[PDB]
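**Student:** The following block contains the structure, expressed as structure tokens.
Computed from the coordinates by the stated procedures, all read-outs in this text should not be read as laboratory data.
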Amino acid sequence: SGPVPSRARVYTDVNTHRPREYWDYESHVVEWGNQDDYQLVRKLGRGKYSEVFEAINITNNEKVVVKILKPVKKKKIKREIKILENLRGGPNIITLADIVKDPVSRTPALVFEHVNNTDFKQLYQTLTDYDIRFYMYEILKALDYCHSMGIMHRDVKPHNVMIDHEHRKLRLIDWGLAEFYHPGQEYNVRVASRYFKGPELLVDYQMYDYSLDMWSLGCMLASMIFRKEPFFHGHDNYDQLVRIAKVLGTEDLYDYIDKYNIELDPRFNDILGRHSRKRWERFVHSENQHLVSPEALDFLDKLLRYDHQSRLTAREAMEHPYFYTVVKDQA
Ligand SMILES: O=c1ccc2nc3ccc(O)cc3oc-2c1
Ligand SMILES: [Cl-]
């Protein structure tokens, strides 16, 4: 019969009402700077798609971050570039400073404003309940903006959230997998990290939307409040759904399949089986009690849903009682 089509509850036609140039990144022309304006100081870390270095700008002696892209299809490079330019200036969004071509490998290398190289994974152990709500609110600002700009991150994870805890700044990075949202378009499910992949990715439902980022956010929230990184610890893409099914229950799962008429892989039918929907009070123990609250659990539950349309939008999430104390202090 085929899968039931779906659309985004919010920011649905935002790209349609914008000029071609905005979302048609293949036609985007790139103005290239010179690497002889930058000197690499030290490697900040390696990656699957790029190498990252701390660098200095020999024109104003300003510290920057250079991301030397590994060989990948031209349009994917233009995509990341265009998305960065479109989201530039947004709340908690990383700032692409300059676009440069490397002398040695002759590969493009994005230059970003220098942000305190503190990863979200290391700080997890030291976060108080308030710090969690605060930074989750900050991420929600970045997510709501890019969603409003018709852009899905498709790779939300702690490894992609830089935070300057000293000044309480936060930046959402790595937009290399980000894509523009168009109503009706079927996308590639092979995105994001395994532990943060939403159900529709695991069951191969290609017509997803902004809601994908909300699931990944839910996975982060769970890991923080329950002190379990990662929360859903699957071995592969099949086992990942099983780990989820053992928590959210198999009942809602097959109903999600039924609703959108999803052709489920025969493999799942053997490993899924039957599981009840666990209460969140189960994952609570003496070490994480101070992070768990009735407000937290209610908010977390509204993120982790099989049905992507059932998940809260980025704006709705910011209106949840869980952030009441945070919104107050900011005013
Ligand atoms: O201070 C930093 C450190 C690493 C960074 N890695 C990035 C990777 C991708 C991207 O789009 C932006 C990035 O910005 C960074 C800023
Ligand atoms: Cl229970």
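**Student:** Could you sort out which of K67/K246; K70/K169; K43/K246; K121/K259; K63/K121 sit more than 31 Å apart by Cα distance in this structure?
**Tutor:** Listed pairs above 31 Å: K67/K246; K43/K246; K121/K259.
**Student:** Continuing with this model, one more query. Per 20 Å bin, what is the whole-percent P(r) computed from every C-alpha pair distance within the chain?
**Tutor:** Pairs per bin, as whole percents: 30, 57, 13, 0.
**Student:** Sticking with this one: Classify segment 252-331 as rounded, prolate or oblate, taking a ≥ b ≥ c as the square roots of the eigenvalues of its Cα gyration tensor: rounded when a/c is under 1.5, otherwise prolate if a/b is larger than b/c and oblate if not.
**Tutor:** Working: a/c = 4.15, a/b = 1.68, b/c = 2.47.
Oblate is the answer for segment 252-331, as a/c is 1.5 or above yet b/c matches or exceeds a/b.
**Student:** Which residues' amide hydrogens lie under 5 Å from the amide hydrogen of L44, considering only partners 5 or more residues apart or on another chain, with H built in the peptide plane?
**Tutor:** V52, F53, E54
**Student:** Gaussian network model of the chain, Cα springs within a sub-10 Å range: biggest mean-square fluctuation belongs to which of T95, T59, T16?
**Tutor:** In the Gaussian network model the winner is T59.
**Student:** What is the ratio of the Cα radius of gyration of segment 202-311 to 2.2 N^0.38 Å, where N is its residue count, to two decimals? Each step should come with its number before you reach the end.
**Tutor:** Numbers: Rg = 14.1 Å, N = 110, 2.2 N^0.38 = 13.1 Å.
Rounded to two decimals, the normalised Rg is 1.08.
**Student:** Taking just the C-alpha trace of segment 24-114, give me its Rg and Dmax in Å.
**Tutor:** Cα-based Rg and Dmax for segment 24-114 come out at 12.7, 36 Å.
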